[PDB]
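1. Let me see the structure of the following:
(chains A, B, C, D, E, F, G, H and I)
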Amino acid sequence: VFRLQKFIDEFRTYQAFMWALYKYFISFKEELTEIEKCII
Amino acid sequence: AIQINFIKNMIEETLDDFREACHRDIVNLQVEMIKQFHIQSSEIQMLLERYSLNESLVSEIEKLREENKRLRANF
Amino acid sequence: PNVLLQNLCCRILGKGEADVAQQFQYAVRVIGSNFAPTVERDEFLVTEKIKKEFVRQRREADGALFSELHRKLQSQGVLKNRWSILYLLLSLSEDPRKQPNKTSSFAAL
Amino acid sequence: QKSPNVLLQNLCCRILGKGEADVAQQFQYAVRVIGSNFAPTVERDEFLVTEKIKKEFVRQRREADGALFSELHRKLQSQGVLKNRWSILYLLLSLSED
Amino acid sequence: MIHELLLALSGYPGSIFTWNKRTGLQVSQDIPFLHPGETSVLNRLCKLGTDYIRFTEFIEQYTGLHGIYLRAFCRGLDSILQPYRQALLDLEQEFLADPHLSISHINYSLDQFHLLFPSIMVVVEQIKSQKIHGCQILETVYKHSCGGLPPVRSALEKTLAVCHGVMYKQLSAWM
Amino acid sequence: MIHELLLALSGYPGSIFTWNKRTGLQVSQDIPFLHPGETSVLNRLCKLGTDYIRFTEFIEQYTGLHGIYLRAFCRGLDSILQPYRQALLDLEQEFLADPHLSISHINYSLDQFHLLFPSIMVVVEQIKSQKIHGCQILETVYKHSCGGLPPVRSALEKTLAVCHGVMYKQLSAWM
Amino acid sequence: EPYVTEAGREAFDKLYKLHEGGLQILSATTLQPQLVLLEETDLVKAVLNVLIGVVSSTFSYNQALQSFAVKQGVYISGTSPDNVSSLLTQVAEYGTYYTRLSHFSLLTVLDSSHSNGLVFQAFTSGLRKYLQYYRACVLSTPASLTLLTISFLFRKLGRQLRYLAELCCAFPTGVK
Amino acid sequence: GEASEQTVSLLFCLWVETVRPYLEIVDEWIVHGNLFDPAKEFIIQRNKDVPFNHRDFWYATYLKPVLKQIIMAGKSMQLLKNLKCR
Amino acid sequence: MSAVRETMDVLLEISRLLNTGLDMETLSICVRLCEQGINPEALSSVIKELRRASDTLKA
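-> Numbers count the residues shown, from 1 in each chain, chains lettered A, B, ... in the order given. Coordinates below:
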């Protein structure tokens, strides 16, 4: 996950593949707040 | 002249490390001096309280004073 | 000075506000013995000890950075008390290799 | 068991040649010594210490002893049950004699 | 934390959030009774409110070189701060709904913004380093909305749209 | 006792539970406080975690020689380990509901899985020491689910069902 | 337990007071700066007033700059750590340009002059219509749950007020 | 698959989003008869030849018949902007 | 007071690079002590002795 993040920097084919990885990340951060509410 | 100034400048690099190791050693040494005096001072303070007088005796002078006074505060 | 030296005794131990009495009185005694130093002032000489030390511990990059930080430091405000500050950080300098043995097993002695 | 103090009592007792309480005073002394603040001289390199020992052997003309020790160092490391080798090597260094 | 992090996010200096002019707004290092681990992500949360007041300064200089398209580019970009600021209002009621809110939802709402905000800063930075004026901005912003990242080409399409209207002021009176 | 063994059963090693990876397992009991009688049975439960980590290695290796029915049987077999693992966390709360339970409880729950675990591990090892691949893994497990033991013959019809389902995909497009 | 992030406001407040103290020792002044209670809902009413150009108990109007002055200390500043001490100054400054318009309109009436332009009077008849427009919008600022729902509301009127205030400042009169 | 649709969706997210700027250059290559592709990288190997007496030259490796429909269409559409139409 | 905030951010960089191991609150005490005047030898000597003492007390 740290490696996958290291690819995120700020052609388009290669940018839209990086953004498909990151669009997929907000659904893993969506889970992060689920499991964060059980433990708090 | 050239080699003399090369040897000179390296010897100084090494002597700086050595000076500072010795300097630190006096700081550590001063700590050891004072910490031992502090233990001892503490042993003595306690011992002179015990052997120089009877704690026993002073606490019985107060007791007889408390009893005698109270008896007299009913006369 | 008393409120400041004391607060140091509480913080370092992270606990105790009169349970640090022993350490306070001790700090006061130590400070009450008159040390004399090897070199008093000169910004360049203390800065140099810190540079050589950097090289010696293999933190060469950081040593490079420290020089930028030193110059920066003067510009955020000029210090009259720098030699002493820069020394204190010097004496607390450590090497990135090795541990100092155990000091959490040393208490039991 | 293996606490710092117990381990020290065992030292005194056997070396002085007497019982536990006959070495009681030197036991008190010993503790005072250990509890003295000492700052590490080794905070770097197992290698540099190994080199000093090798220097001791050469210095006394005990070259054969340095040739064997070098091989023995390599073994000592390899079994590696010691995690404070360096300290031990320093202790041995100070005990170097002819 | 909860109202206090909205107002570090606006970019304005706090005591806990020190401003050092070398770095912009950043959280000060290793503050006791907070593990150091949560401040690293917090430094990144400051990086979107640092570039946002590196942004109002690009506005206020030309509002309230010279160019009638400079202040037209100010009204291109303000609608990009419009969903931004709307998410600042979306966090506020969340904190009334519950005021025991942890910072991991706050981190999550802002990851949408993290690839939108340095990409507009780099845009204004190439503008201010070539010292551009007038109509030759619209071709620099056009090959920039030719850009990848789907939020960001739309962002750079709103900035394109407003100063193309000031081209239209000229070309409506000229024709 | 109990929580180190619950998680060495999931296949996470101890050092009082030595596992040296895929040449063998040593039980590693030189334990004073656990009795020579309660540790002797603890070795009997350990054999059933040895065969549990010889089975998950075959999962991760072929989902991640050649054949779509090796990895289709790998998504059949995880579904059968799904009540195994389900039972592993219900036991977690069993030791929190009262702390008056010991490893006698662990012997009692794990005999239901004891009639599943060598008997399926020998099936896949017989697949893999002949190097069987393709549609004839399904014939191999079919002639095993033609076999006996009432839990295993129902289980292997389920493991047959997900990768027969992958068969069903080829001949639906082929027709 | 909770860490600061989860722990609400109070934990953060205790922290802010401790941290500021740490800095406060090297700086020596008559009396150290301390907090003087306001609540967060009491701050949003002192700011409701400063938009019309009226003082509360955090604002001291200064005739020497014709501007308002907030407390500079560690004066309570919401639960923010001396952030409202800088943020509220930009919106008190937004309310300061509203008292310039009303200062200029009451002095450019010609029932106090008859040498200054008729046209000069005619700028005010339109100018006074933006002033009442402000007064219904200050009447519409509640609800305020934070100081942002209001500063962002006047983001749009702010760009304008700075132009529209300082065109007057030179001093153009008449046909000029 | 067919135990769950969740990893089918995961690979298709990466598939439909990587492919999308790579379709919309080809779409422009027809309806506008020209494409945006640098002179320092050629990224799909369709490129317009500068000469007026020549159409379009395909670069070689330095589904495939469906890619041939793109070559012949793009040839004819690169023409049609060059012609005056009726 | 503005001044007081800037100096500490640069100072904290040196101390953490050089290995010193003082939190924010304590780093402020020493700067006070050095401004009111202290021998540098004493200050280093105490800090080292308190640290050695603290770790043993805890354990």
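2. Residue of chain G closest to chain D, please.
-> Taking CB to the nearest CB as the measure, the point where chain G comes nearest chain D is residue G:22, at 30.0 Å. Where C-beta positions appear, they are placed from N, C-alpha and C, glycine not excepted.
3. wait, what's in contact with that residue?
-> I:24, I:25, I:28 (CB atoms under 8 Å, 6 or more residues apart in numbering or on different chains).
4. Return the set of buried residues in stretch G:146-166.
-> With burial defined by 16 or more other CB atoms under 10 Å in any protein chain shown, the residues of stretch G:146-166 counted as buried are G:146-152, G:154, G:157-159, G:161-162, G:165.
5. Can you tell me which of those end up in helices?
-> G:148, G:149, G:150, G:151, G:157, G:158, G:159, G:161, G:162, G:165 (DSSP state H).
6. remind me, longest helix of chain E?
-> helix E:150-173.
7. Please tell me how far whichever strand or helix holds residue C:23 is from the chain's geometric centre.
-> Using DSSP states H and E, the element containing residue C:23 is helix C:21-32. Counting by CA atoms, centre = their mean, to the nearest Å, helix C:21-32 is centred 18 Å from the centre of its parent chain.
8. Equivalent analysis for stretch A:1-10, please.
-> Its chain's C-alpha centre lies 9 Å from the corresponding centre of stretch A:1-10 when counted by CA atoms, centre = their mean.
9. Same question for stretch C:28-38.
-> Taking CA atoms, centre = their mean, the mean C-alpha location of stretch C:28-38 is offset from the chain mean by 16 Å.
10. Specify the local secondary structure of whichever residue of chain E sits closest to chain G.
-> Scanning chain E for proximity to chain G using CB to the nearest CB identifies residue E:64 as nearest, at 3.2 Å. Taking DSSP: H, G, I helix; E, B strand; the rest coil as the rule, one finds residue E:64 in the coil state.
11. Disregarding flanking residues, what is the spatial nearest neighbour of it?
-> Among residues not flanking residue E:64 along the chain, residue G:162 sits closest, at 3.2 Å (CB to CB, 6 or more residues apart in numbering or on different chains).
12. ok, now which ones touch that neighbour?
-> If you count contacts by CB under 8 Å, 6+ apart, residue G:162 has them with E:63, E:64, G:97.
13. Contact residues of chain C facing chain B?
-> Selection of chain C residues close to chain B by CB under 8 Å from any CB of the partner chain yields C:26, C:29, C:30, C:33, C:35, C:38, C:49, C:52, C:56, C:91.
14. Excluding chain neighbours, give the residue nearest to the most centrally placed residue in chain H in space.
-> Centroid check for chain H by CA atoms, centre = their mean gives residue H:26 as the closest residue, at 3.2 Å. When the adjacent residues along the chain are set aside, residue H:26 lies closest to residue H:70, with 6.0 Å between them (CB to CB, 6+ apart).
15. Ok, residue B:35 next?
-> In space, residue B:35 is closest to residue D:37, 7.1 Å off (CB to CB, 6+ apart).
16. For that neighbour, give me phi and psi.
-> In this entry, residue D:37 is assigned phi and psi values of phi -70, psi 130 (degrees, to the nearest 10).
17. dump the residue contacts of it.
-> Residues B:28, B:31, B:32, B:35, I:49, I:52 are the ones in contact with residue D:37 under the rule CB under 8 Å, 6+ apart.
18. So the closest residue in space to residue E:84 that isn't next to it in sequence: helix, strand or coil?
-> Counting by CB to CB, 6+ apart, residue E:84 lies nearest to residue E:113, which is 6.5 Å off, once chain neighbours are set aside. Secondary structure assignment for residue E:113 (three-state DSSP): coil.
19. near chain G, which residues of chain A show up?
-> Counting by CB under 8 Å from any CB, chain A comes close to chain G at residue A:40.
20. how about the nearest residue to the closest residue to chain C within chain E, chain neighbours excluded?
-> Closest residue of chain E to chain C, CB to the nearest CB: residue E:22 (7.7 Å). Computed as CB to CB, 6+ apart, the closest residue to residue E:22 that is not its neighbour in sequence is residue C:72, at 7.7 Å.
21. if I look at that neighbour, how far off is residue E:46?
-> 20 Å (CB to CB, to the nearest Å).
22. and what of residue G:96?
-> Remark: distance between residue G:96 and residue E:46 (CB to CB) = 30 Å.
23. Same question for residue H:60.
-> On the measure of CB to CB, residue H:60 and residue E:46 end up 51 Å apart.
24. Between these two, which has more neighbouring residues?
-> Between residue H:60 and residue E:46, counted using other CB atoms under 10 Å in any protein chain shown, residue E:46 has the larger neighbour count: 22 against 5.
25. Correct me if wrong: the more buried one contacts residue E:26.
-> Yes: if you go by CB atoms under 8 Å, residue E:46 and residue E:26 touch, sitting 5.2 Å apart.
26. Quickly list what's touching both of the two.
-> Looking at what touches both residue E:46 and residue E:26 (by CB under 8 Å, 6+ apart), the common residues are residue E:17.
27. what about the helices in chain B?
-> In order along the chain, chain B carries the following helices (DSSP H): B:2-52, B:55-72.
28. right, so those: which one is the most enclosed?
-> A comparison of those by mean neighbour count, using mean count of other CB atoms under 10 Å in any protein chain shown, puts helix B:2-52 on top with a mean of 11.
29. which residues are contacting stretch I:52-59?
-> Counting by CB under 8 Å, 6+ apart, the neighbours of stretch I:52-59 from elsewhere in the structure are C:12, C:13, C:14, C:23, C:103, C:104, C:105, C:106, C:107, D:37.
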